[PDB]
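To start, the structure under review is shown below, and the notes come after it.
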Ligand SMILES: NS(=O)(=O)c1nc2ccccc2s1
Ligand SMILES: NS(=O)(=O)c1nc2ccccc2s1
Ligand SMILES: [Zn+2]
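Numbering (the entry's author numbering), first residue to last: 4 to 260.
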């Protein structure tokens with residue numbers, strides 16, 4: 004229905020998802036001079052030692068690496084968060100060239116891509132209930148710039164030709180998402196939304212300040228995926244990012260001075 008094409012992209016989404024023009028939409032531009040250091044924020048606790056990846060899926064708009072979220076294995080806590088958020092999946096947004104691809108921007112700078120690690124608040128019991136609540140999800144966002152290769156990304160890269168088209172999946176067990184993190188966990192945070200339909204306003208965004216570096220060859224492989232299904236006219240999966248939305252009555256807080 005919706006997508007990132009020439010006729011169904013972000014500027015059209017509001018016609019079927021009117022919350023697209025809402026008061027807490029994501030992504031946003033992070034103005035680094037306006038974001039205030041908040042001494043009351045805590046260090047993030049990223050606890051992925053027991054993560055169980057299961058499968059990788061091309062869903063027609065990105066690829067999702069899915070985790071076993073049937074109990075508290077990989078969780079996110081601390082930072083701006085109360086309680087425990089379970090990792091359900093991660094995916095990326097990226098561009099057709101290195102000068103665009105991220106959803107969040109930093110002083111209007113676009114990165115080549117952006118990783119989203121999606122977690123749901125276990126106090127609501129299941130993901131479907133969590134997305135109906137203003138504190139239902141926590142998404143950890145990590146920028147990608149092009150430079151040296153990211154060793155921990157290569158296993159993802161190498162499975163992509165097996166899920167080229169929409170609706171294809173493959174086994175993807177024993178993947179360690181810790182290999183996708185930067186050194187520092189300094190972050191910005193603000194209340195927002197899902198960045199694809201249904202655009203629900205249920206997310207506490209935690210965006211890391213430090214980008215990870217990936218190689219040109221790695222991101223080039225992202226750009227060989229297809230939005231289309233098998234046998235259909237080839238549409239390269241590129242520019243699957245929503246642009247920055249109005250900040251409205253929101254404050255972006257920094258965990259660092
Ligand atoms: N409003 S939307 O979900 O982005 C959407 N755009 C289009 C364009 C052509 C046909 C169906 C739909 S559904
Ligand atoms: N791109 S994101 O805000 O991380 C995100 N959006 C959506 C939409 C529907 C279902 C899951 C997710 S996760
Ligand atoms: Zn995303």
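In this text, a Cβ means the ideal position worked out from N, Cα and C, and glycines have one as well.
- In this structure, DSSP gives residue 4 a state outside helix and strand, which the three-state scheme calls coil.
- For residue 65 and residue 96, the gap between their C-alpha atoms comes out near 7 Å.
- Contact between residue 33 and residue 210 holds, with the beta-carbon distance rounding to 7 Å and staying under 8 Å.
- Distances taken from the Cβ of residue 108 to the heavy atoms of ligand 2 include none shorter than 8 Å.
- The straight-line gap separating the alpha-carbon atoms of residue 46 and residue 220 is approximately 34 Å.
- The Cβ-Cβ distance between residue 102 and residue 113 falls below 9 Å.
- DSSP, read as helix, strand or coil, puts residue 69 in strand.
- Inter-residue distance for residue 92 and residue 255 is about 25 Å (C-alpha atoms, whole angstroms).
- Look at residue 25: its beta carbon is at least 8 Å from all of the heavy atoms in ligand 1.
- Three or more beta-carbon pairs separated by less than 8 Å are not found between the region 238-248 and the region 128-146, which leaves the two stretches without contact.
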